[PDB]
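Quick heads-up: the structure tokens below are two forms of one chain, split into structure 1 and structure 2.
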Structure 1
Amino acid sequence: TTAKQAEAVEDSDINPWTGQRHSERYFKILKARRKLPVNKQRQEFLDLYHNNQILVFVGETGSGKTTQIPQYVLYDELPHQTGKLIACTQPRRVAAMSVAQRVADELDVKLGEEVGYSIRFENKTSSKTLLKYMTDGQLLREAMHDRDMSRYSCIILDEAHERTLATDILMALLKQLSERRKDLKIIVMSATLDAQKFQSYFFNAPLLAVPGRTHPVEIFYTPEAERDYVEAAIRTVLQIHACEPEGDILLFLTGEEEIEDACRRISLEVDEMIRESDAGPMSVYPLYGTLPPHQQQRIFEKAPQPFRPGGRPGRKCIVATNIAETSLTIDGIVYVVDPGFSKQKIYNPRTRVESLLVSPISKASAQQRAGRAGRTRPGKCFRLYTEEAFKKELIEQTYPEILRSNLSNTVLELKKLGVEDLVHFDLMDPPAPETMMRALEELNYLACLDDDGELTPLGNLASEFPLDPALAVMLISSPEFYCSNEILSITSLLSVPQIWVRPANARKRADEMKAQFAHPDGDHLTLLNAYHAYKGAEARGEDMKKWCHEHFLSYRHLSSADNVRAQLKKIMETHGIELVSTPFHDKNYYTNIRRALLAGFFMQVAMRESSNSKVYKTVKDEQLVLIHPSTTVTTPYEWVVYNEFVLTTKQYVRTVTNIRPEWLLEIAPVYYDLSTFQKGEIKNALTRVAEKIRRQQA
């Protein structure tokens, strides 16, 4: 129960957790572990952990927080052996997997037994699991079926500074839960926190600060600002490989296509360096969220050897988003290149629209990016901006996601978690009252909430799916339209990135191949055609990787959609949601699917402004939009339903489907009662249709 007693157990020739002998690797790792900064203050942690329920833990990047603290807790529970687990949340999936593997080696156990991890589509845990690393979202999902979270004796919220939606909800639940359960220890960790703020939020909780740093990270700034950060990044990477001593490179960029372009350009230049300038080999790895876990994990591959002894060193270059910004320890990395940008989510309360925008990062993020080096060996960080641009122009801390998001989903889960009063629900940063009210009214229109704001059985059922309420309600109500199987597939396809591939090289052949899946009356149906063909060739036994290539479809996203569909189907079967289909050659086969979409998306409908106008007008809001250029429908109806809203240098609605206005009055009579509609051509048009429908009464 004290530090020196626990250390004696760690030195034992036999492993307490397996009943088998400790390997020789274990003892060398253990020797290196005890040189970490957090190890110096282990006792100071222990007596604070004992005397307090909630604790804030701060230490530099490299300190030992994520890997050592849960082990400290585990060894503290050692003398009496509980069934309850120790939880450690990570904001990223790659983080949860990588750290769990590391700790598994540190405890000399195999991954998935004593030390495991849990993320979406992968629950690598067992009945022997004592320590579980997971994503904050995964834990939040677990809490929606276990409010008290009885499975856990200790929950460690890591990298809390990121302030994701899950993190904020979790902090609020855990704070209120800590009054209910005194047998629940809670620890909040980060290298870049606002300590006093977090302390004050958790009932003036104690703070433990570890001062030390394992290895130094030298930080360099540009003398003047550069306008093309992608060009400056590529230039920096190539300069390092050409002149600097050995050491792998971590480069941060903003998005997938930017990264894929960068990797191509880096590889091209390196290849010419290698052939004509005696440069060493360089492997380039892309890293972003939509990559499968197997390809993400390839960043831990060893850098290539030099071509010849005494030759220029071979090295590795990881080109990543900010999923590699925190938590990860990539051994071999010496150089970090920080252009200072990330794609961030912004929200407009007025226009109901959320969008992505490439923006400057915060000082905390910048510090974190640099912290990916200086972990195993001294590091260098090349910040592609000015030192005074760092101190004056960069925000101290990125704004919380809950202040930058649509809260329709967030609110629905809060009700499911059993939050009695939304107004007095103590969130660390409370969102704007209008954002909150508008979420309540959307959930009200979807019949997920009462008029008094209490959960509907429908709403309770909607919170079971990894989907936004509108998408969930569409899926749940689909059997009423006799096409639940098809909506299930469409729902899955809407939950993944665009399956369509259109390289600059052959855009016109890509559109040629897309044209054979094209359905005149909507993009949703076009997706369904592409999916059926995909599954058709799959069952036929053809290899899909090539099949997707000749058809210009993303095998990556199509495969990802199948994972979603399998998960969603299992949920539907669990809660007795009927799975049915209409025979393909039936006349109403397509119309049923189109009408089914409206069951959840009746609030995302736009009318054509005039006779020969390409401008559409959203209902109620009356926003002026254009149909996204990547649309299948050649000649669109005066009434369409759209799935998403996008903002390029023009305002677009995306993935639209031609509908008939009489469907709107049929499926959503409350939202489309015309007393609510006010002084509009949309109300005029809708009024005429209602009268026509009444006439058809005869």
Structure 2
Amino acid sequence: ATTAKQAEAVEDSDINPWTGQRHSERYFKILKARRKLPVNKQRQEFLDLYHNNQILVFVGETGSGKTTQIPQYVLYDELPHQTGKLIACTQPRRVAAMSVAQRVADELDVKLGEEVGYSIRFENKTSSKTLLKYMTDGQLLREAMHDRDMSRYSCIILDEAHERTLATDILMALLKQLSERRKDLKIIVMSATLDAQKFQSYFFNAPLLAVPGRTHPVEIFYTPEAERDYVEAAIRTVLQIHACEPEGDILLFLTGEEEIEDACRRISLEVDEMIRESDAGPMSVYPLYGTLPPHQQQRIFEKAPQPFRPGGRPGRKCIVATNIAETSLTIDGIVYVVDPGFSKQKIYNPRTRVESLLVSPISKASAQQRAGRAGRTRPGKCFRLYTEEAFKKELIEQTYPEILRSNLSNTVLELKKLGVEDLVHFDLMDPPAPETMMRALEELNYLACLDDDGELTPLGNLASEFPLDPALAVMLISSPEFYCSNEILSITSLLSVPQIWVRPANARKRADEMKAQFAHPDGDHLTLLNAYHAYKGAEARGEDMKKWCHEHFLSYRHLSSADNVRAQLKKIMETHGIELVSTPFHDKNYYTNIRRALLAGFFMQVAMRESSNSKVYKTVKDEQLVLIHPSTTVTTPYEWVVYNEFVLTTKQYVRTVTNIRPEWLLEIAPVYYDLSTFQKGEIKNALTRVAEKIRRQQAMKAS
């Protein structure tokens, strides 16, 4: 009922309608600038759509005014309805939510934390006055876990929806479901780099509002030939920009903390050289990555240094960041973007059930976002450190959905916590294949994380609290019953990261020698345990651990990761009251306890020797024929083994293997190894003979 014209008349008022205070002069300067933005040209057109459709897809160039202006339009449109509900707008990163919340607070001439606020994990900058809240996807999902209808919100705006992250996809599915339940909820989906028709079609053929035009141009430059060392090329480019180009700050995208710190060091040294030798201007260098404290991350916004003298070469700021700065941000002063074209992206190893990070080429959408960090408040330039043909033909359009690159059992437990009942038909934008989902559900049911009705069990609920493959979580939770929760804590942590063994082709012998120091003849899990213990022991002596790992042919990266994970898991166990126990090393049962404890998590990954006449084993699951992997430390594999990994190469192997006793299977997983209903075959026969041996032995003793 209220038009863009009426709203504009209210915005022009001397009085702030939200607070009753006089509007400041800064407010009016900002308003004057705001009304020149592309999106403004279609405000009414937006309102119309917003009025006549529950869900709409909104696309417009980077910097066109989506994130700052659309929620304010909605704000002016919504609150006469007296609903007492909020408008939510989700950003990919916390620094983005905070930054844009401060900006919009400025635009509305209110205090941040009051009428405009933000919500991120560990910090809720909102109050009773809050009408518009910027938050992360994850935060909104965490709220959705306690409020399935999301009753606090009248409108939810999924920003940067092109980022197919786990949180984004799950949110989109939940919201698509909820839109059928709540007709008083509005949903806006927006991005500059979106597959519009895909998203429209997904949201019940929602309408599209497409806004043309850029505030400022961004000139794109490509390299004439490919260059392998992207770090050196990036540093060289930054230095050349500082030496030759006019005033303007630089945003360089790199892939990780260590790389970024090293690059910052090198850049700073070279800059010092240029200064003392060639009258170059000063340049401040800011690292930016996720493990930095958020308020320390906000340091990237401070002003570049002044020139050394009047008429001197410009002072400059250089931000060296991960894709934490790829979207959403307006860093005023930025003129140059340097895009090497790489980022750390999640991969999932289905044989080891391990999620890790791999430096990979970015998508076209990501490149466009990165470039879009410039051309917001002034013209910009983007130096892509790759050829135009490599952009046009080698880069994928959109990054593959994270849900298809993640541990699906984990995701399933999370979805159960979110109130999702039918997972087989859960309408994701890009669902895993029905068989993959069925496999996850099957495994979780056997692990007793889901009951036979498919409902979450207390064990499943507790397991979901751990950043682990659910089998590992169940193993850890169960470990106090085997009197070895410290060792299982360690082993779980190690099994949550990639292989720690390093075996270069030119030094394999030496590698083997070092590995021999940790080798346990009864199990690879125990060898892992030993390696970790040696690592911590060397660390306690105060040794250089990068050096130590290098000389022992162990991965410092993965061991360090596992150590951090262990700390986290320990904290969680202590929070939920799980006992942290160790059996004295010289106890007769010390190793048998641990070997038994493995079966609480891996009773479904067990293999039986076919004959004494051969070295072939058959897996309990799917009856596969395998060999024990030749990298094992198990010198004489038992008739029964537990294994971590199925390996398919020239031959079929099981890798990371520990000797077990068959009676342990019947004791520890009696429901799975229920012989009255177990599959007929040689494995069932062997287990039947084991059970009968135990029975005969007990009947005789009882007599």
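Residue indices: 1-based, along structure 1. Between two forms, the rigid core is defined as the largest C-alpha subset superposing within 1.5 Å.
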property: Position that moves between structure 1 and structure 2 after core superposition, taken from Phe382, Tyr288, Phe601, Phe341, with Cα shift of 2 Å or more; result: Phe601
property: C-alpha of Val564 moved at least 2 Å between structure 1 and structure 2 on rigid core; result: yes
property: Core-superposed C-alpha of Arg21 shifting 2 Å or more between structure 1 and structure 2; result: no
property: CA of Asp248, rigid core aligned, shift of 2 Å or more between structure 1 and structure 2; result: no
property: Core-fitted comparison between structure 1 and structure 2 - CA shift at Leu407, Å; result: 2.6
property: Between structure 1 and structure 2, how far the Cα of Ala530 shifts once the core is aligned, in Å; result: 19.0
property: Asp183 CA shift between structure 1 and structure 2 in angstrom, with the core used for superposition; result: 0.4
